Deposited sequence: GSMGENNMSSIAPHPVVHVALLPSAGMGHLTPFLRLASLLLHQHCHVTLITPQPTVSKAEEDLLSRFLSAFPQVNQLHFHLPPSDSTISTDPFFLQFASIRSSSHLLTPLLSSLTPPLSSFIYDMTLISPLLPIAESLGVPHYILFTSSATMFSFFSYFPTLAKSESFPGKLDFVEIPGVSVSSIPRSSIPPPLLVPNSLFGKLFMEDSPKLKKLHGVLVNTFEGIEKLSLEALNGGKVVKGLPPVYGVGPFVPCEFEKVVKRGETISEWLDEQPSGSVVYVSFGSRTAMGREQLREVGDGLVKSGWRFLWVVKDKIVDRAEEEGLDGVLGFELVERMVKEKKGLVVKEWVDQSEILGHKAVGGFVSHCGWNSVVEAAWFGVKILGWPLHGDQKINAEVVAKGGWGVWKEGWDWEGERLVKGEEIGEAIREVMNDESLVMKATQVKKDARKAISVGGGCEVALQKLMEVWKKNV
């Protein structure tokens, strides 16, 4: 008895600094657009890196129906500095969010912004959420932090973190993210201020799935970690999207035998010291395997200033050009196009979380080389599933010099192991189940959409 336009579900999104935060937010935006949502994207500007700038430009051109709200920031690790700048200025956003049309339905923001955005979301009167961009196991640690910090000996006497029922049952002190043991650090301060406020959220979205973190997901939603935690929605794996693409790399890969290439990358914001970097190349040559090595000499891509031949040195460059087995680049690559190529049989990775979930989506086994932060916990999430391995004696980047001899031996050990491929293929199979009807991601998004309507 009526011919009416259907009311629109309008979601607002706010990502913080780095490609490891921007990429999952934009993949979530694509998922929401395919559910016929209207999306507003708040963009803090300028970005720390050029790669962030360029990805946003390709996203907006692909989806002109997205409403961009500019967030011009006022004028240490450059990405951590941006985390603090966005957090300290977020209290100014209220006028831009309260005048949104059509009426806002929900608000999903970065995990590092809980405290300043909670009163803003309360005034908007809509359900609000964090998108947590690391593993569900690390989210359990974050939620558990007030339980550990109440002790009078914290953080001096803490040898094991054992959260009931999660995917990594015992986290030793050597795997705790170093800033969490330093009360005055940025993340140590954010953990203490923000974790007690998790109970005010409507929910927590995580880019993960039952095939890789079954136990952590069940413990978080069973009241085992902390009583009164908001529900945790496993909405991963986030499938890589078309707008991310920017041809000699793909042409080189086309000429290599299937499964014969080892891909090497330590993410978008980490650069090894020059001596350690040169040991990586020595290990790749000694391994005897074909390789595609992505190099960074600076944390921030904008700051690169020396050519690859000067970074690598004459002796290493000469060895690699003579053997004619490897390709080395110091530029932004299409990592998902590489991991999805049939030539790539293994992945030497720092185990940043987006890279882990991409490797799971493509069924590529991992040699884990965790370098900083939560990467040792993520490396063990992978090892528990039997589709990758890591050497706990290598330690955080810069604590010791890992030698080319032992790097080459570790590469041969992973590439000769067919059991790792067997488990990685089953992970790949469970990754597709999660997004199909009845899978964890499909079930979670339907729950959220019905609430927002």
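Enquirer: Missing CA coverage against the deposited sequence, listed in sequence order.
Expert: Several regions go unmodelled: 1 to 8, 84 to 89, 261 to 264, 472 to 474.
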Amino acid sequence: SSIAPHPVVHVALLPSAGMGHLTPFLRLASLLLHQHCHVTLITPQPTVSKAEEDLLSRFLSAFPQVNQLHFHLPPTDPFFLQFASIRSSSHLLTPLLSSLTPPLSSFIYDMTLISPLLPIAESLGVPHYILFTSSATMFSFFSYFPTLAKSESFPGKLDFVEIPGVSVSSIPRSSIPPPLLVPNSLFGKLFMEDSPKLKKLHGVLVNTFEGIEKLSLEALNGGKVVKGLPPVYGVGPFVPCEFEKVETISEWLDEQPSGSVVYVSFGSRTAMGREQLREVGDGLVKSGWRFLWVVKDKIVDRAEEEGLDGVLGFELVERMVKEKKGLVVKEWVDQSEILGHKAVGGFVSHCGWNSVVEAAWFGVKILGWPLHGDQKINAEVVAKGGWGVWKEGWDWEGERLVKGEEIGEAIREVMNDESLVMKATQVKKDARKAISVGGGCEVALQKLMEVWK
From here on, numbers count along this sequence of modelled residues.
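We call the rigid core the largest set of C-alpha positions that still match within 1.5 Å between the two forms.
Enquirer: Could you tell me which of the two stretches, 116 to 124 or 129 to 137, has its Cα atoms lying farther from the shown structure in 4 other deposited structures of this protein after fitting on the rigid core?
Expert: Relative to the shown form, the greater RMS C-alpha distance in 4 other deposited structures of this protein belongs to 116 to 124.
Enquirer: Relative to this form, superposed by the core, which stretch has the greater CA RMS in 4 other deposited structures of this protein: 43 to 51 or 56 to 64?
Expert: Between 43 to 51 and 56 to 64, the one lying farther away in 4 other deposited structures of this protein is 43 to 51.
Enquirer: How about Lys224: is it missing from at least a third of the other entries compared?
Expert: Negative; every one of those entries includes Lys224.
Enquirer: Out of the other entries of this protein with residues modelled on both sides, is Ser143 skipped in at least a third?
Expert: No, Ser143 is modelled in every other compared entry.
Enquirer: Could you check the entry and say whether 134 to 142 or 85 to 93 has the higher mean CA B-factor?
Expert: It is 85 to 93 that shows the higher mean C-alpha B-factor.
Enquirer: Give the stretch, out of 58 to 66 and 395 to 403, with the larger mean C-alpha temperature factor in the deposited entry.
Expert: It is 58 to 66 that shows the higher mean C-alpha B-factor.
Enquirer: From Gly363, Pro370, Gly188, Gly203, pick the one with the largest CA B-factor in the entry?
Expert: If I rank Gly363, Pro370, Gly188, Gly203 by C-alpha B-factor, first place goes to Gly188.
Enquirer: Sort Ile114, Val344, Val329, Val246 by C-alpha B-factor from the entry and give me just the highest.
Expert: Comparing C-alpha B-factors across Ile114, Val344, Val329, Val246, the maximum falls on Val246.
Enquirer: Taking the C-alpha B-factors as the PDB entry records them, is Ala444 in the lowest, middle or highest third of its chain?
Expert: Middle third - that is where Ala444 ends up once the chain's C-alpha B-factors are sorted.
Enquirer: Is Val421 in the lowest, middle or highest third of its chain when residues are ranked by C-alpha B-factor?
Expert: Answer is lowest: the recorded C-alpha B-factor places it there.
Enquirer: Place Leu22 in the lowest, middle or highest third of its chain's C-alpha B-factors, as listed in the PDB entry.
Expert: Tercile = lowest for this residue's CA B-factor.
Enquirer: Which third, lowest, middle or highest, does the C-alpha temperature factor of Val321 belong to within its own chain?
Expert: It falls in the top third of the chain.
Enquirer: Among the modelled residues of this chain, does the Cα B factor of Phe291 put it in the lowest, middle or highest third?
Expert: Bottom third by C-alpha B-factor.
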